[PDB]
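Q: This is the structure, below, for whatever I ask next.
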Amino acid sequence: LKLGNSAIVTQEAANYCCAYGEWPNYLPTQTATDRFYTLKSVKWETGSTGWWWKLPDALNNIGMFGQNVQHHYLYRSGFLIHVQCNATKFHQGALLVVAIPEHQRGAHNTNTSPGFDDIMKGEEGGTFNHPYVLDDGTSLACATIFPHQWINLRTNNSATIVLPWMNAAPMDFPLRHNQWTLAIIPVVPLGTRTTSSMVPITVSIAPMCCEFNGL
Amino acid sequence: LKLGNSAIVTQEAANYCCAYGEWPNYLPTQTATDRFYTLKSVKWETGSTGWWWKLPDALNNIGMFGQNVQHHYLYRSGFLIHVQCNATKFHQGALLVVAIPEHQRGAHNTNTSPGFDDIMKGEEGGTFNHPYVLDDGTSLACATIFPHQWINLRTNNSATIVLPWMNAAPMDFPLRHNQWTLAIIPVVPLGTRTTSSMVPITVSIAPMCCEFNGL
Amino acid sequence: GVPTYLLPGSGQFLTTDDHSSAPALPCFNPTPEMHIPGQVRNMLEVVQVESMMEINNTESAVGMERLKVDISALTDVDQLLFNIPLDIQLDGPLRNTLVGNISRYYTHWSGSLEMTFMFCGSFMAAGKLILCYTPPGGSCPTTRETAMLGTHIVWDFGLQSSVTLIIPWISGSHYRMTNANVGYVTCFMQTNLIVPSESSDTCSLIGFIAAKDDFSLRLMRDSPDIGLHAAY
Amino acid sequence: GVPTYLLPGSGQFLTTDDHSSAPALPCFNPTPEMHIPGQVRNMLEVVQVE
Amino acid sequence: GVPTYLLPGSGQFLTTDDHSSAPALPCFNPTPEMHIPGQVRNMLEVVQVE
Amino acid sequence: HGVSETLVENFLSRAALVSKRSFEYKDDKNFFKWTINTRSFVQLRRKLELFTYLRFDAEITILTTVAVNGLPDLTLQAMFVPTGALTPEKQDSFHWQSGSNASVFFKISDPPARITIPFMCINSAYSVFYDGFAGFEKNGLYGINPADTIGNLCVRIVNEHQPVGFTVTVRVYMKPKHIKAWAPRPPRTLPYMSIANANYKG
Amino acid sequence: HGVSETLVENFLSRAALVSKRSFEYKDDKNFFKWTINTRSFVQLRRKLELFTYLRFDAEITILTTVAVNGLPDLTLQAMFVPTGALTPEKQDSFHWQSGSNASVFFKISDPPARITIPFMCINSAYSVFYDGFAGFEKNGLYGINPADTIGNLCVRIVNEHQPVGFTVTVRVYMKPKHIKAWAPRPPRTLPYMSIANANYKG
């Protein structure tokens, strides 16, 4: 976990997940963007429903990626996501760190589509309203059909998912279309005898193999 | 005729009958059940119409077979039937010891099907009401199309029929479905000058090659 | 010419026919295939991916309460935590699964399932469960002593927080009179939950189910799951 | 195309015809044949039993 | 004869079909091709002219 | 020699009438539904009950007769609903546009609609006779195997309601094919009393 | 073994009804127009939404039912208007004699009209789900990919105006073929609220 001038000096570098068995390769203009972008940490509590970040919308205003997004016009990148959730041995809970291709959200109890402000949240990302249906009418129970990892705080504290290019098109608009949604849903809620248990979760997104067009 | 801890030490071990030219083999959990179960003897008289036993219903409450039937859930067995009818040289009469696959009975002079109590008789078996139509609308005369033996008391006193697995399915429910009906019909009635002639018939059923599933 | 004669079934539209029709647009070259990751060529690839059972099958459990069974001090020394009736068809813990949803597009299923149970308590939470498997036709056990006389497993989750339970080959639609009973997986407490005083005294289990590689599906039908606002 | 002409007897349903029709359910694999004892392949086997 | 059966789409006129029809005048020999300069075989030849 | 005419493939594969039912046409709610069995007519019932187990593919021919109470040219749908699927209860139900049920759309003027239903049992043969009970308790029905149910043949008129009223007689002709047969039985000598069972009067 | 029935080519290629609409006939201005999508019926919508990307050729079968308010024999035109071309707004517009739009001229008495629409996207697959916006500004619509629009199927009656007035029900049956599918998704557990989006009520 050392990309660019960024580095994550963690410890328990457990197994990662190639999404759909695919590594990000270049398409046969290309150190600047290939670096970890550590987002702001979220506070996992006993009443947390979940967190999501859309890619590359979570990176379209950050650093050498967000400069190239707003200067170019086509992009093509994979992503290395490292989610790490640091807690003690007296915490408990399971997270489903799932990466969803083409997570078209739906709104709740209305026939109007979600707006631009409801979808494009940026570095803050969002929060699941109904995490049981994944906020799109499906199910959280079957969401392990997607590239996913588990963070059982009993067992492991980190999760790495390596995402390739998921598109029907060879390149794409970064400010229009999001291709991956990193979702972190607490399946088993957090617990230690203090009620105000507040375990932090840290998300680091390294865009691997960025290509661009149209400066 | 020596299976398990059981043995039939008879004398006139005449020719047996492989039913449809087939020997019971195992299907490519299996000494305990493979033993002769000698049923209670029936009294053949001058007014007897016949006797039937459905298999494995005649064995579903007897011994290591009836334990495994009521503990497991699928079965697969052949059967060795030895019918022996011991009389003197002054008795006469012919029996048709016929083994019928899938002897779906019918009731007489009603449109209502036979009940559970009319079909599942157990170790006692049943008695033919109309043996001429085999209690199913067909005929006793053509019942030699089934695997059968004759007991002409002039000629022989015993009959052995070896039954394989007769099912469209590879295994089966023993408490639901019967596959063979051993039927013993006196074609020529019994006769000696005493009017109360009462020749005994002994039925021994050894379930060959029992398999089971679902303990 | 060629002397011909028409057969019965001529000029009919059978909806399951496989004949080459006429291209509406010939001489249009489509977009070439590029490599997209994660290609599905068989729906048995989808079924062999494990998905969460609603093992909290009780009444008035709503939403993500259903996905987990709580083990605490209110669960005694030998109480039945959950049972999982193995009906894929019926409304149980297996209904809203990947093996449960894709099987309801088909009539006859057959194969072995596997159940993974994952313990999601604290690191120092100790205890023992006993996960018994009841074959079809047998009755579900009600006591821990009846469960240890069947096919069971004695799972100390003191450091092993995952147990796979292989459910043997069933043949599914062979046991109907309406799907009847396919078996049970129950769980009893063997010990108490032993937690330290800083860990929460209520810990949770989540259960998974996937089908194995001998699983099979045939005679395709429609799904009874699904039953519009806003092109003309 | 192929120049064709219809014959007398075209579009008739003779009840003793042997033509391949259309499968209602293609791509359905039936239950495989297992060995069942006592297979009849000829009704003269039935007649030769006394 | 040949046992046939008609398909869906039989006797339809799709305007983009490529089937050999019947010559109205067979046995008429047309004027032979002579070389005319500037033959277009592809409309991308036209587009590449400034 | 001459043995090729008493072959069981030749003995049983004849396109016999298995179902003839008229239905009317106004505003079985005015459509055809038939549970595909073989016990409807006693001439075909007695031939197949010469055997214990049968394995055949069925070849359903549907012959539609129209008569107005000047014949119109009408589209019919004939949908095979296997055991596991849901049959229509009305003429205009949603089950008539099932994606998975095998429907066939045909006209009156056409040659008769012919489809082949495969071998549909979960066992290796159909039990012609079943010495067993369908239900797992004592209330089950005797002589009925749950494995042996083919399905239902549901036939309607696709067209919406017309000013004229007519009777549509649907004759169904089934020719079994690829017949395998096991364990022959004596022929029935008494008349049948019901299609559900083998009861006999004398 | 048995895996050849859960193939995605077998799982998805069924000629399901994708559009049923009646139109009348007097002096959609009395013709059929249908935007070729797959979200019309929720039974087919939920099967295709088990996937993220699909690549198929469509096989449109058009089944015409006539009923007069004695059935006449009428010519219909069924024109496929791809994305980039112009659809008719009237029955007698000039777009019905487009040289470039793929029209098919068929009768009521014929077997049903069947054409194959190719793979029509500018990308390598149709996005069943689109986590993006169609317009280049914030007023764009969410979940709509401009690349994925097949086109429209415009069906009229070629014949000029007649003394009798009748209803023409047009049933459209689409069988996708040469199906390739990518990245499977969980099935939808809640009912649909609209065809435009994945909203959910509970």
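By order of appearance in the structure tokens: chains A, B, ..., then residues from 1 within every chain, and ligands from 1 in the order shown.
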At most 8 Å is the cut-off: for each residue in chain D with any atom that close to an atom of chain G, write down the nearest atom pair and the distance in Å rounded to one decimal, counting only C-alpha atoms, chain first then increasing number, as a tab-separated table.
A:
```
residue	atom	partner	partner_atom	distance
D:27	CA	G:5	CA	5.9
D:28	CA	G:5	CA	6.4
D:29	CA	G:2	CA	7.1
```
Q: Give me the residues within 8 Å of range 20-24 of chain D as an NGL selection string, counting only C-alpha atoms and dropping any in the same chain fewer than 3 places off.
A: (:C and (9 or 14 or 16-17)) or (:F and (59 or 80 or 102-103 or 114-118))
Q: Could you write out chain E as a compact mmCIF listing (two decimals) with N, CA and C atoms, in the first residue's frame once it has been least-squares superposed on chain D using every ordered C-alpha pair?
A:
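Result saved to out_18.txt:
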```txt
# COMPACT_ATOMS: atom_id res chain seq x y z
N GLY E 1 -34.75 -17.40 -53.96
CA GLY E 1 -35.66 -18.34 -53.33
C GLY E 1 -35.70 -19.68 -54.02
N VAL E 2 -36.57 -20.56 -53.54
CA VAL E 2 -36.75 -21.89 -54.11
C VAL E 2 -38.14 -21.93 -54.73
N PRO E 3 -38.28 -22.23 -56.02
CA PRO E 3 -39.62 -22.38 -56.60
C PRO E 3 -40.26 -23.67 -56.13
N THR E 4 -41.41 -23.55 -55.49
CA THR E 4 -42.11 -24.71 -54.96
C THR E 4 -43.52 -24.72 -55.50
N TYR E 5 -44.19 -25.85 -55.32
CA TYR E 5 -45.62 -25.93 -55.59
C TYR E 5 -46.22 -26.96 -54.65
N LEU E 6 -47.41 -26.66 -54.15
CA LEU E 6 -48.06 -27.52 -53.18
C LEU E 6 -48.73 -28.69 -53.88
N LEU E 7 -48.72 -29.83 -53.23
CA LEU E 7 -49.29 -31.07 -53.73
C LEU E 7 -50.70 -31.25 -53.20
N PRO E 8 -51.47 -32.17 -53.78
CA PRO E 8 -52.68 -32.63 -53.08
C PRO E 8 -52.31 -33.41 -51.83
N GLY E 9 -53.02 -33.13 -50.75
CA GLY E 9 -52.64 -33.61 -49.45
C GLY E 9 -51.81 -32.65 -48.63
N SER E 10 -51.81 -31.37 -48.99
CA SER E 10 -51.02 -30.37 -48.30
C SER E 10 -51.86 -29.71 -47.22
N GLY E 11 -51.31 -29.61 -46.02
CA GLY E 11 -52.04 -29.04 -44.92
C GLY E 11 -53.13 -29.93 -44.39
N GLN E 12 -53.04 -31.23 -44.63
CA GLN E 12 -53.98 -32.18 -44.08
C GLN E 12 -53.39 -32.78 -42.81
N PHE E 13 -54.26 -33.20 -41.91
CA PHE E 13 -53.85 -33.94 -40.73
C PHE E 13 -54.33 -35.38 -40.89
N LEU E 14 -53.46 -36.20 -41.43
CA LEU E 14 -53.58 -37.65 -41.37
C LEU E 14 -53.14 -38.11 -39.99
N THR E 15 -53.99 -38.88 -39.31
CA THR E 15 -53.69 -39.25 -37.94
C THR E 15 -52.60 -40.31 -37.82
N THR E 16 -52.16 -40.91 -38.92
CA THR E 16 -51.10 -41.91 -38.88
C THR E 16 -49.80 -41.40 -39.50
N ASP E 17 -49.54 -40.10 -39.43
CA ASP E 17 -48.33 -39.56 -40.03
C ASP E 17 -47.18 -39.58 -39.03
N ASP E 18 -45.96 -39.63 -39.57
CA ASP E 18 -44.75 -39.68 -38.76
C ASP E 18 -43.83 -38.56 -39.22
N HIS E 19 -44.08 -37.36 -38.73
CA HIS E 19 -43.27 -36.20 -39.03
C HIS E 19 -42.75 -35.60 -37.74
N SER E 20 -41.57 -35.01 -37.80
CA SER E 20 -41.02 -34.32 -36.65
C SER E 20 -41.76 -33.00 -36.48
N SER E 21 -42.41 -32.84 -35.34
CA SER E 21 -43.11 -31.60 -35.03
C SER E 21 -42.16 -30.65 -34.30
N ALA E 22 -42.71 -29.65 -33.67
CA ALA E 22 -41.91 -28.69 -32.94
C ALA E 22 -41.93 -29.03 -31.47
N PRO E 23 -40.78 -29.03 -30.79
CA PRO E 23 -40.79 -29.19 -29.34
C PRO E 23 -41.42 -27.97 -28.68
N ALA E 24 -42.40 -28.23 -27.82
CA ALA E 24 -43.01 -27.15 -27.04
C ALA E 24 -42.00 -26.56 -26.07
N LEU E 25 -41.27 -27.42 -25.37
CA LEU E 25 -40.20 -27.01 -24.47
C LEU E 25 -38.90 -27.58 -25.03
N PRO E 26 -38.18 -26.83 -25.85
CA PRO E 26 -36.77 -27.15 -26.08
C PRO E 26 -35.97 -26.70 -24.86
N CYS E 27 -34.73 -27.16 -24.81
CA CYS E 27 -33.74 -26.85 -23.77
C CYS E 27 -34.15 -27.33 -22.38
N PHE E 28 -35.21 -28.14 -22.29
CA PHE E 28 -35.57 -28.88 -21.10
C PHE E 28 -34.99 -30.28 -21.23
N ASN E 29 -34.12 -30.65 -20.31
CA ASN E 29 -33.55 -31.98 -20.30
C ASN E 29 -34.43 -32.88 -19.46
N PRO E 30 -34.97 -33.97 -20.00
CA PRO E 30 -35.85 -34.84 -19.21
C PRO E 30 -35.10 -35.64 -18.17
N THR E 31 -35.83 -36.44 -17.41
CA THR E 31 -35.19 -37.34 -16.47
C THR E 31 -34.49 -38.44 -17.25
N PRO E 32 -33.24 -38.76 -16.94
CA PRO E 32 -32.54 -39.79 -17.70
C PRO E 32 -33.16 -41.16 -17.50
N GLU E 33 -32.99 -42.01 -18.50
CA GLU E 33 -33.48 -43.37 -18.42
C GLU E 33 -32.68 -44.15 -17.40
N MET E 34 -33.37 -44.77 -16.46
CA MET E 34 -32.75 -45.77 -15.62
C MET E 34 -33.28 -47.13 -16.04
N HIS E 35 -32.63 -48.17 -15.56
CA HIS E 35 -33.04 -49.52 -15.89
C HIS E 35 -34.25 -49.89 -15.04
N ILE E 36 -35.37 -50.16 -15.69
CA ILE E 36 -36.54 -50.69 -15.01
C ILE E 36 -36.66 -52.13 -15.50
N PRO E 37 -36.92 -53.10 -14.63
CA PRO E 37 -37.02 -54.49 -15.08
C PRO E 37 -38.28 -54.77 -15.87
N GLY E 38 -38.16 -55.70 -16.80
CA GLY E 38 -39.30 -56.21 -17.53
C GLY E 38 -39.76 -55.32 -18.66
N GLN E 39 -38.84 -54.90 -19.51
CA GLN E 39 -39.17 -54.00 -20.60
C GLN E 39 -39.83 -54.76 -21.74
N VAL E 40 -40.94 -54.22 -22.23
CA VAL E 40 -41.65 -54.78 -23.37
C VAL E 40 -41.22 -53.99 -24.59
N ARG E 41 -40.69 -54.68 -25.58
CA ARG E 41 -40.38 -54.05 -26.85
C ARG E 41 -41.25 -54.56 -27.98
N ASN E 42 -42.06 -55.58 -27.73
CA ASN E 42 -42.85 -56.23 -28.76
C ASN E 42 -44.04 -56.87 -28.07
N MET E 43 -45.23 -56.66 -28.61
CA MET E 43 -46.42 -57.23 -27.99
C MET E 43 -46.58 -58.72 -28.24
N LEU E 44 -45.75 -59.31 -29.10
CA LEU E 44 -45.68 -60.75 -29.21
C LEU E 44 -44.93 -61.39 -28.06
N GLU E 45 -44.23 -60.62 -27.24
CA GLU E 45 -43.69 -61.16 -26.00
C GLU E 45 -44.79 -61.41 -24.99
N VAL E 46 -45.83 -60.59 -25.02
CA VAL E 46 -46.95 -60.72 -24.09
C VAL E 46 -47.80 -61.92 -24.44
N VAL E 47 -47.96 -62.17 -25.74
CA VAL E 47 -48.86 -63.21 -26.24
C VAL E 47 -48.28 -64.60 -25.98
N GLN E 48 -46.96 -64.73 -25.94
CA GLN E 48 -46.29 -66.00 -25.72
C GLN E 48 -46.21 -66.40 -24.25
N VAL E 49 -46.94 -65.74 -23.38
CA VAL E 49 -47.00 -66.09 -21.97
C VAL E 49 -48.32 -66.80 -21.74
N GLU E 50 -48.28 -67.95 -21.07
CA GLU E 50 -49.47 -68.78 -20.98
C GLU E 50 -50.42 -68.26 -19.93
```
Q: Could you please write out, as a ChimeraX atom specification, every residue of chain D that DSSP assigns to helix (DSSP H, G or I)?
A: /D:44-47
Q: Can you spit out the residues from that selection as a short mmCIF file (atom, residue, chain, number, x, y, z; two decimals), in the first residue's frame, using N, CA, C and O atoms?
A:
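Once written, again.cif looks like this:
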```cif
data_model
loop_
_atom_site.label_atom_id
_atom_site.label_comp_id
_atom_site.auth_asym_id
_atom_site.auth_seq_id
_atom_site.Cartn_x
_atom_site.Cartn_y
_atom_site.Cartn_z
N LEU D 44 -45.75 -59.31 -29.10
CA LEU D 44 -45.68 -60.75 -29.21
C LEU D 44 -44.93 -61.39 -28.06
O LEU D 44 -44.98 -62.61 -27.92
N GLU D 45 -44.23 -60.62 -27.24
CA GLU D 45 -43.69 -61.16 -26.00
C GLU D 45 -44.79 -61.41 -24.99
O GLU D 45 -44.69 -62.34 -24.18
N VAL D 46 -45.83 -60.59 -25.02
CA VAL D 46 -46.95 -60.72 -24.09
C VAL D 46 -47.80 -61.92 -24.44
O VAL D 46 -48.28 -62.65 -23.57
N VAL D 47 -47.96 -62.17 -25.74
CA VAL D 47 -48.86 -63.21 -26.24
C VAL D 47 -48.28 -64.60 -25.98
O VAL D 47 -49.03 -65.55 -25.75
#
```
Q: CA of residue 161 in chain C and CA of residue 184 in chain C, how far apart in Å?
A: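 Spanning CA of residue 184 in chain C to CA of residue 161 in chain C is a straight-line distance of 21.7 Å.
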Q: Report as a tab-separated table the residues of chain F within 7 Å of chain C, each with its shortest atom pair and distance in Å (one decimal), using only C-alpha atoms, ordered by chain and increasing residue number.
A:
```
residue	atom	partner	partner_atom	distance
F:84	CA	C:107	CA	5.6
F:85	CA	C:221	CA	6.1
F:100	CA	C:221	CA	5.2
F:101	CA	C:221	CA	6.9
F:102	CA	C:16	CA	6.2
F:103	CA	C:15	CA	5.6
F:104	CA	C:14	CA	4.0
F:105	CA	C:13	CA	4.9
F:106	CA	C:12	CA	4.9
F:110	CA	C:11	CA	6.8
F:111	CA	C:8	CA	4.8
F:112	CA	C:8	CA	4.9
F:113	CA	C:9	CA	4.4
F:114	CA	C:9	CA	4.8
F:134	CA	C:177	CA	5.3
F:135	CA	C:177	CA	4.8
F:136	CA	C:177	CA	6.5
F:146	CA	C:177	CA	6.1
```
Q: Show me which bits of chain C are within 8 Å of chain B, counting only C-alpha atoms, as a list in words.
A: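 Here they are: residues 135, 136, 137 and 138 of chain C.
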Q: Can you check which residues of chain C have any atom within 6 Å of chain D? Use only C-alpha atoms and format it as number ranges by chain.
A: C: 1-7
Q: Could the residues in this selection be saved with N, CA and C atoms as a PDB file, in the first residue's frame?
A:
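Output (out_37.pdb):
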```
ATOM      1  N   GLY C   1     -39.841 -26.809 -60.445  1.00  0.00           N
ATOM      2  CA  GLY C   1     -40.087 -26.505 -59.050  1.00  0.00           C
ATOM      3  C   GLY C   1     -39.879 -27.686 -58.136  1.00  0.00           C
ATOM      4  N   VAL C   2     -40.158 -27.494 -56.856  1.00  0.00           N
ATOM      5  CA  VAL C   2     -40.039 -28.542 -55.849  1.00  0.00           C
ATOM      6  C   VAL C   2     -41.444 -28.874 -55.364  1.00  0.00           C
ATOM      7  N   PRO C   3     -41.891 -30.124 -55.460  1.00  0.00           N
ATOM      8  CA  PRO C   3     -43.204 -30.479 -54.906  1.00  0.00           C
ATOM      9  C   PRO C   3     -43.145 -30.510 -53.387  1.00  0.00           C
ATOM     10  N   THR C   4     -43.970 -29.692 -52.754  1.00  0.00           N
ATOM     11  CA  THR C   4     -43.990 -29.601 -51.308  1.00  0.00           C
ATOM     12  C   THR C   4     -45.403 -29.852 -50.814  1.00  0.00           C
ATOM     13  N   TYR C   5     -45.524 -30.068 -49.511  1.00  0.00           N
ATOM     14  CA  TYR C   5     -46.829 -30.101 -48.873  1.00  0.00           C
ATOM     15  C   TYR C   5     -46.671 -29.605 -47.446  1.00  0.00           C
ATOM     16  N   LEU C   6     -47.646 -28.833 -46.990  1.00  0.00           N
ATOM     17  CA  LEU C   6     -47.577 -28.240 -45.670  1.00  0.00           C
ATOM     18  C   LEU C   6     -47.983 -29.253 -44.611  1.00  0.00           C
ATOM     19  N   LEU C   7     -47.344 -29.163 -43.462  1.00  0.00           N
ATOM     20  CA  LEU C   7     -47.574 -30.043 -42.332  1.00  0.00           C
ATOM     21  C   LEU C   7     -48.553 -29.415 -41.364  1.00  0.00           C
TER      22      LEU C   7
END
```
Q: Please report the interatomic distance between CA of residue 176 in chain F and CA of residue 120 in chain F in Å with one decimal.
A: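 Rounded to one decimal, the two atoms are 12.6 Å apart.
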Q: Could you please write out, as a PDB file with C-alpha atoms, in the first residue's frame, every residue of range 85-161 of chain A that DSSP assigns to strand (DSSP E)?
A:
```
ATOM      1  CA  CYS A  85     -11.783   0.101  10.684  1.00  0.00           C
ATOM      2  CA  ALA A  94     -19.547  -6.887  11.052  1.00  0.00           C
ATOM      3  CA  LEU A  95     -19.309  -4.593   8.042  1.00  0.00           C
ATOM      4  CA  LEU A  96     -20.110  -5.511   4.471  1.00  0.00           C
ATOM      5  CA  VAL A  97     -17.653  -3.535   2.372  1.00  0.00           C
ATOM      6  CA  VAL A  98     -19.313  -4.060  -1.007  1.00  0.00           C
ATOM      7  CA  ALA A  99     -18.404  -2.416  -4.317  1.00  0.00           C
ATOM      8  CA  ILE A 100     -21.456  -2.154  -6.562  1.00  0.00           C
ATOM      9  CA  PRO A 101     -21.203  -1.670 -10.337  1.00  0.00           C
ATOM     10  CA  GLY A 126     -23.803   9.494   1.576  1.00  0.00           C
ATOM     11  CA  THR A 127     -25.650   7.472   4.186  1.00  0.00           C
ATOM     12  CA  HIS A 148     -17.235  -7.540  -1.489  1.00  0.00           C
ATOM     13  CA  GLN A 149     -15.221  -8.058   1.669  1.00  0.00           C
ATOM     14  CA  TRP A 150     -16.193  -8.596   5.289  1.00  0.00           C
ATOM     15  CA  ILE A 151     -14.836  -6.733   8.285  1.00  0.00           C
ATOM     16  CA  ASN A 152     -15.659  -8.791  11.345  1.00  0.00           C
ATOM     17  CA  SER A 158      -9.334  -3.933   7.064  1.00  0.00           C
ATOM     18  CA  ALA A 159     -10.664  -4.728   3.615  1.00  0.00           C
ATOM     19  CA  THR A 160      -9.059  -4.131   0.225  1.00  0.00           C
ATOM     20  CA  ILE A 161     -11.053  -4.298  -3.015  1.00  0.00           C
TER      21      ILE A 161
END
```
Q: Using only C-alpha atoms and a cut-off of 7 Å, which residues of chain B sit close to chain D? Please list them as a list in words.
A: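 For chain B, the answer reads residues 20, 22, 144, 145, 166, 167 and 168 of chain B.
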Q: Please identify every residue of chain G that has at least one atom no more than 6 Å from any atom of chain A, counting only C-alpha atoms, and report them as a ChimeraX atom specification.
A: /G:123-125,129-133,138,186-190,198-201
Q: Those same residues, written as a PDB file, in the first residue's frame with C-alpha atoms?
A:
```pdb
ATOM      1  CA  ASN G 123     -21.306   0.896 -26.480  1.00  0.00           C
ATOM      2  CA  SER G 124     -20.520  -2.786 -26.246  1.00  0.00           C
ATOM      3  CA  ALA G 125     -23.555  -3.613 -24.090  1.00  0.00           C
ATOM      4  CA  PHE G 129     -28.590   0.147 -14.715  1.00  0.00           C
ATOM      5  CA  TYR G 130     -26.976   3.529 -15.227  1.00  0.00           C
ATOM      6  CA  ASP G 131     -25.519   5.390 -12.263  1.00  0.00           C
ATOM      7  CA  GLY G 132     -25.301   8.578 -14.255  1.00  0.00           C
ATOM      8  CA  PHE G 133     -27.059  11.502 -15.860  1.00  0.00           C
ATOM      9  CA  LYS G 138     -27.773  19.221 -13.593  1.00  0.00           C
ATOM     10  CA  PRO G 186     -29.453  -9.092  -6.498  1.00  0.00           C
ATOM     11  CA  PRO G 187     -33.081  -9.625  -7.471  1.00  0.00           C
ATOM     12  CA  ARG G 188     -35.570  -6.907  -6.740  1.00  0.00           C
ATOM     13  CA  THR G 189     -37.562  -7.684  -3.618  1.00  0.00           C
ATOM     14  CA  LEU G 190     -39.868  -4.668  -3.518  1.00  0.00           C
ATOM     15  CA  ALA G 198     -35.650   2.109  -9.313  1.00  0.00           C
ATOM     16  CA  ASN G 199     -37.798   3.759  -6.663  1.00  0.00           C
ATOM     17  CA  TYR G 200     -39.285   1.621  -3.927  1.00  0.00           C
ATOM     18  CA  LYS G 201     -42.161   1.966  -1.477  1.00  0.00           C
TER      19      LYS G 201
END
```
Q: Quote the spacing between CA of residue 208 in chain C and CA of residue 81 in chain C in Å to one decimal place.
A: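 Pair CA of residue 208 in chain C / CA of residue 81 in chain C returns 15.9 Å.
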Q: Please provide the set of residues having any atom within 8 Å of range 34-40 of chain B, restricted to only C-alpha atoms, with same-chain residues fewer than 5 positions apart removed, written as an MDAnalysis selection string.
A: chainID B and resid 2:7 59 62 123:124 202:210
Q: Write out, as CSV, each residue of chain G that has an atom at most 8 Å from chain F, together with the closest pair of atoms and their distance in Å to one decimal, counting only C-alpha atoms, rows going by chain and rising number.
A:
```
residue,atom,partner,partner_atom,distance
G:14,CA,F:99,CA,6.0
G:15,CA,F:99,CA,6.4
G:16,CA,F:99,CA,4.4
G:17,CA,F:97,CA,6.0
G:43,CA,F:99,CA,7.9
G:44,CA,F:99,CA,7.6
G:65,CA,F:159,CA,5.8
G:66,CA,F:159,CA,7.1
G:67,CA,F:162,CA,6.1
G:68,CA,F:162,CA,7.0
G:69,CA,F:163,CA,7.3
G:70,CA,F:72,CA,5.7
G:71,CA,F:72,CA,6.3
G:109,CA,F:73,CA,8.0
```
Q: I'd like the neighbourhood of residue 11 in chain A as a VMD selection string, where a residue qualifies if any of its atoms comes within 12 Å (using only C-alpha atoms), though same-chain residues fewer than 2 positions away should be ignored.
A: chain A and resid 1 8 to 9 13 to 14 84 86 156 to 158
Q: Restricting it to N, CA and C atoms, dump the selection as a short mmCIF file (atom, residue, chain, number, x, y, z; two decimals), in the first residue's frame.
A:
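Now in again-v8.cif:
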```
data_model
loop_
_atom_site.label_atom_id
_atom_site.label_comp_id
_atom_site.auth_asym_id
_atom_site.auth_seq_id
_atom_site.Cartn_x
_atom_site.Cartn_y
_atom_site.Cartn_z
N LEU A 1 0.83 -1.20 0.00
CA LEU A 1 0.00 0.00 0.00
C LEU A 1 0.86 1.25 0.00
N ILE A 8 0.28 4.09 3.02
CA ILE A 8 -0.50 3.62 4.16
C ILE A 8 0.37 2.62 4.90
N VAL A 9 0.93 3.03 6.04
CA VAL A 9 1.72 2.10 6.83
C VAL A 9 0.85 1.48 7.91
N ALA A 13 -2.06 -6.43 6.73
CA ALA A 13 -2.28 -6.40 5.28
C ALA A 13 -2.81 -7.76 4.86
N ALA A 14 -4.12 -7.95 5.07
CA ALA A 14 -4.76 -9.23 4.79
C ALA A 14 -5.03 -9.40 3.30
N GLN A 84 -10.28 0.60 6.23
CA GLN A 84 -9.74 0.09 7.48
C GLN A 84 -10.52 0.67 8.65
N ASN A 86 -10.44 0.70 12.64
CA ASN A 86 -9.60 0.38 13.79
C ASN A 86 -10.37 0.48 15.10
N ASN A 156 -10.92 -9.37 11.53
CA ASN A 156 -10.07 -8.48 10.76
C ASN A 156 -10.58 -7.06 10.88
N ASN A 157 -9.70 -6.11 10.63
CA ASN A 157 -10.07 -4.71 10.71
C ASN A 157 -10.03 -3.99 9.37
N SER A 158 -9.49 -4.61 8.33
CA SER A 158 -9.33 -3.93 7.06
C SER A 158 -9.90 -4.78 5.94
#
```
